[PDB]
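This document opens with one chain alone, in structure tokens, the form solved without ligand PCG.
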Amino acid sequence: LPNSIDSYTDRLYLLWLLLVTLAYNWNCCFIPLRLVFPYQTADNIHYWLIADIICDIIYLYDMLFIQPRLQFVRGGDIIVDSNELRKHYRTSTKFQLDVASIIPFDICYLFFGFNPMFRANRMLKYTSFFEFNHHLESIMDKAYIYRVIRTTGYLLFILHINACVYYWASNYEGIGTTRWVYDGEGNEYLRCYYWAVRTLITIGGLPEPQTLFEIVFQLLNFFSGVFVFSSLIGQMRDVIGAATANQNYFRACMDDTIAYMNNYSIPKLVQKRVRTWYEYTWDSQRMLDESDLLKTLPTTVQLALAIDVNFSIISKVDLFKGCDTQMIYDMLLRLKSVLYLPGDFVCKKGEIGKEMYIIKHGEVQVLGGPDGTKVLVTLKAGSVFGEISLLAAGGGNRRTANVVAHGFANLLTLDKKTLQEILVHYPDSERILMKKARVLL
């Protein structure tokens, strides 16, 4: 087994956590099932003992050969040497629960006979089930499906425990003694599970409780079933409200913009263009603005996400070829993403020039014909145009040609004003840009 286990990029550790989860779920299901129901008979004890020995071997191989080899983070740096990982496992609060789990109480099978309540300390290894829950929530892209699966599995487990406790109350009152207890006719687990299902969902339709212990049992089981049904509705409400939060927030902002435009009697061509923008921004980004997402991130992950998207594109630019890399990084951080519709002008012939355009996932077309509509240059994604307009001052640069968007063009935009607000910190690159302006202009 590898001297170290990563526990994040390791899928064999997820398979091992599935194995310890199968052993733990075997214990937590089949210890009340063998404890209450008479399925642990004398000609069946070898299969139960073989399965318990396999689950204890899975418990011991976790404690001795897997869980000491787990990597962790101590003060920031990743620990990989085996003795320090072993000491971190031994000084954990996981190890107390694990060594309290496999305490071998099965040697009390000699004294008190076979009893599944001696293995109940094996139900204390819940942390491996919670780590498998956390790793399967992390590896899944849509985690609400696993939240529904976990809520269903918790519901089936509490119904299993309620069926076992009802069969215990049936054997405590005597089988077939009153009308409320299990009569003994068909399958034991299936009809006690039917009673647990009709009690814990508060369906009713069962025979009424006759003696006082059965009235106390039906009272507590109906009250617990009210809270189980309430937690089931609350879990499904939380799953739906967390799954559709972004879509309903986008729809609320779109209906706010539509109600603002209907308040001011803005015409339906402009409202159709605004609705087309909102539809393409939901179909492409699945969010309104990337700026309010990126502004809550720290600055290093912002700089890394700005470098991996546009730094090769700005290093292709001959205007900013000579500049220093930190000013390029600040103009990477201060880029603004604007979506242009089909037919929208990113540059009108004769308008003022203030912006540098980095086209990503779109196409713009430079209309420079004799009549003014013949497409001269079609600029695909990853192109930079209008970067010389950032150096002219005052009026300065006027756009010489019409540049319209061919389809939906997602431009990235650096203003002249934000370039000057960046360039007050960097005088050397400002001198290189101004001497390039004096040479070329």
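If you superpose the two forms and keep the largest set of C-alpha atoms that fall within 1.5 Å, you have the rigid core. In case it trips you up, residue 1 is the first one in the sequence shown, and so on.
Keep in mind that the form deposited with ligand PCG bound is missing from the display, and what follows is about it.
S.K.: Mark residue 387 yes when one of its heavy atoms lies within 4.5 Å of a heavy atom of ligand PCG in the bound PDB entry, and no otherwise.
M.R.: Yes, residue 387 is a contact residue.
S.K.: Check whether residue 398 has any heavy atom within 4.5 Å of a heavy atom of ligand PCG in the bound PDB entry, and answer yes or no.
M.R.: Contact with ligand PCG, yes.
S.K.: Residue-level question: is residue 377 within 4.5 Å of ligand PCG in the bound PDB entry, judged on heavy atoms?
M.R.: Result yes; residue 377 sits at the interface with ligand PCG in the bound PDB entry.
S.K.: Can any non-hydrogen atom of residue 196 be found within 4.5 angstroms of ligand PCG in the bound PDB entry?
M.R.: No, residue 196 is distant from the partner.
S.K.: Of 379 to 387, 46 to 54, 22 to 30, 62 to 70, which is the one stretch near ligand PCG in the bound PDB entry, taking non-hydrogen atoms within 4.5 angstroms as near?
M.R.: Residues of 379 to 387 come within 4.5 Å of the partner.
S.K.: Just to be sure I understand the contacts: of 347, 164, 328, 359, which is the one whose heavy atoms reach within 4.5 angstroms of ligand PCG in the bound PDB entry?
M.R.: Looking at the other structure, the residue within range turns out to be 347.
S.K.: Among the candidate residues 201, 124, 158, 366, which is the single one with a non-hydrogen atom no more than 4.5 Å from ligand PCG in the bound PDB entry?
M.R.: Selected residue: 366.
S.K.: Which residue, 317, 156, 80, 220, is displaced 2 Å or more at the Cα between this form and the one not shown after superposing the core?
M.R.: Result of the comparison: 317.
S.K.: So, superposing on the core, is the move of residue 387 at the CA at least 2 angstroms between this form and the one not shown?
M.R.: For residue 387, whose C-alpha is compared between this form and the one not shown after core superposition, the shift is 2 Å or more.
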